[PDB]
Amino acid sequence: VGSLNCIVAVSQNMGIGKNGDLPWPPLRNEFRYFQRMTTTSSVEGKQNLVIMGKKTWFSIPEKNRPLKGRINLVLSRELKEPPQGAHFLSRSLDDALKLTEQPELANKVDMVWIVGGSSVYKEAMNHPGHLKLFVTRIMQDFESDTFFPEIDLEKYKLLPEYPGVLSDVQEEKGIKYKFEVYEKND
């Protein structure tokens, strides 16, 4: 398997969710960015794996589950069975990552993408080693009930550019946003 990555879109007040959905109106090109970044594998013959908590799984409309072109893994401590459509169910993040080191999965999985929610991001971001954060800065406050922790810049470096990421400010529906990539190596 390849690198470990988080991807997230965050409002100005660090919100990521509200009532089991996103806090802002649908941003078509921001979803297309999430889709492109999580689907595109750098190695031929492999797919990427997305890891998410249970509420994040059910925040994806059923018609889009599992996320196409990606191996979908759901984290849950209490589910008796994998949610219909999921490819894998793991009881902890460590269990999920050790799944990716199985030989027959490692030769089919390139990047691992953490796609939320709050507790999954937090655990991944404190795991030592190489990690990238793909962060969309939604440049407006939105009412939220689920949040992302402020990034420690002594640990995470904001990259000046990244292949395949547009650096210019974007705007949809009167909402400005910009794509950022952070990297730590501790």
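Note that the rigid core is defined as the largest set of C-alphas that superpose within 1.5 Å between two forms. Numbering starts at 1 and follows the sequence shown.
Superposition on the core shows that, in 7 other deposited structures of this protein, the C-alpha atoms drift more in one of 143-151 and 29-37; this is 143-151. When 29-37 is weighed against 155-163, 155-163 comes out higher, by mean CA B-factor as recorded in the entry. Just going by the entry, 88-96 versus 101-109 on mean CA temperature factor gives the higher value to 101-109. Going by the entry's values, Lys46 shows the largest Cα B-factor out of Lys132, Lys54, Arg137, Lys46. The entry lists C-alpha B-factors for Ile175, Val169, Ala9, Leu22, and the highest of these is at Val169.
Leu67: CA B factor lies in the lowest third for its chain, per the PDB record. Ranked by C-alpha B-factor against the other modelled residues of its chain, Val120 falls in the middle third. Ranked by Cα temperature factor within the chain, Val181 sits in the lowest third according to the deposited record.
Annotation for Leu79: C-alpha temperature factor in the highest third relative to the rest of the modelled chain, per the entry.
When all modelled residues of the chain are sorted by CA temperature factor, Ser59 is found within the lowest third.
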